[PDB]
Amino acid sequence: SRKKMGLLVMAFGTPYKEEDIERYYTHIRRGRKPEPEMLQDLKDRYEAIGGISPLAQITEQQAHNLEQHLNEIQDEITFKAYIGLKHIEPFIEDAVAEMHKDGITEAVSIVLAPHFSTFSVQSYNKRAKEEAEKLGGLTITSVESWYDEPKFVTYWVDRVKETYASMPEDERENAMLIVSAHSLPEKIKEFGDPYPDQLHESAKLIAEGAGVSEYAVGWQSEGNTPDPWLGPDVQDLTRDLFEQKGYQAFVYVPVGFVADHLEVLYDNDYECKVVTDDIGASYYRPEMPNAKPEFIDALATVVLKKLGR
């Protein structure tokens, strides 16, 4: 009685082992293979954050955990996950092709990044749909943003209430909450990209639901190019908020991210820690959602509401 549907889970991507990093960034660097020293730098970071192997695994887990969950909270449709990544195989265009080969004719996709942006999400979705049209007999309904999904906010609000709840009285009262997402070229502004607004909105929600009056919005992991990117970067903002109001603690909630990426384990737990430590403040960073039930559930609702279920 169930209708067979495709569940296209998309994401930036992650190398599966040390030996894939070169090609991985090249693709990110748009055909520009990293210099030997930058290459050995990248390996070290990955080596530093506990290794690469666990990284990709988190995505497979989120995909198959969302698939099974969706399949038991409703009985009308039966989903079959298909991962499509941007900078590494399986690429989006293959994920869409395999689905086809499998007789899937009706699919609903979602990108593992709560916020919308023309640079990433729109790109992923348009690519997923174009590959389809090319093949034919295959339609995809794409989610664009879910950062506002109540269950996704509740997730972050509690991790925050937990973190401030564990703070020494001393700290609780002189702490700053920094909500952030992956920085993107400023130029995205001439298209009216809502990316920056939405992130500010994720801050407002989480801070509000958590009862935190003081907070700020930042950006991070910006790439290198002539044209300006979104600021202020988390490092400067931290140090800036400190020299202006000497906070004793900073709680980093990289809401733009959904898992234990390099962007979070090194750019937040290291780079930002380096600033908190330098200025004498305590570093705090709640668990990422990863593949936890509370997250997958939220993700489910996002997918079902998209389908009117």
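Numbers for residues come from their place in the sequence shown, where the first is 1.
> In the PDB record, does 72-80 or 169-177 carry the higher mean Cα temperature factor?
Replying inline: On average, C-alpha B-factors are higher across 169-177.
> For the stretches 159-167 and 105-113, which has the higher mean C-alpha B-factor as given in the deposited record?
Replying inline: The stretch with the larger average C-alpha B-factor is 159-167.
> In the PDB entry, which of 217, 88, 97, 205 has its C-alpha at the highest B-factor?
Replying inline: Result of the comparison over 217, 88, 97, 205: 97.
>> Take the CA temperature factors straight from the PDB entry and tell me which of 268, 62, 40, 276 peaks.
In response: Most elevated C-alpha B-factor of the set, per the entry: 40.
> So where's residue 133 on the chain's Cα temperature factor ranking, which third?
Replying inline: According to the entry, residue 133 has a C-alpha B-factor in the chain's highest third.
> In terms of the chain's CA B-factor thirds, is residue 57 lowest, middle or highest?
Replying inline: Top third by C-alpha B-factor.
>> How does the C-alpha B factor of residue 198 compare with the rest of the chain: lowest, middle or highest third?
In response: Its C-alpha B-factor, which the entry lists for residue 198, ranks in the middle third among residues of this chain.
> If you rank the chain by CA B-factor, which third does residue 246 end up in: lowest, middle or highest?
Replying inline: Highest third, going by the recorded CA B-factors of the chain.
> Sorting the chain's CA B-factors, does residue 222 end up in the lowest, middle or highest third?
Replying inline: For residue 222, the deposited C-alpha B-factor lands in the highest third.
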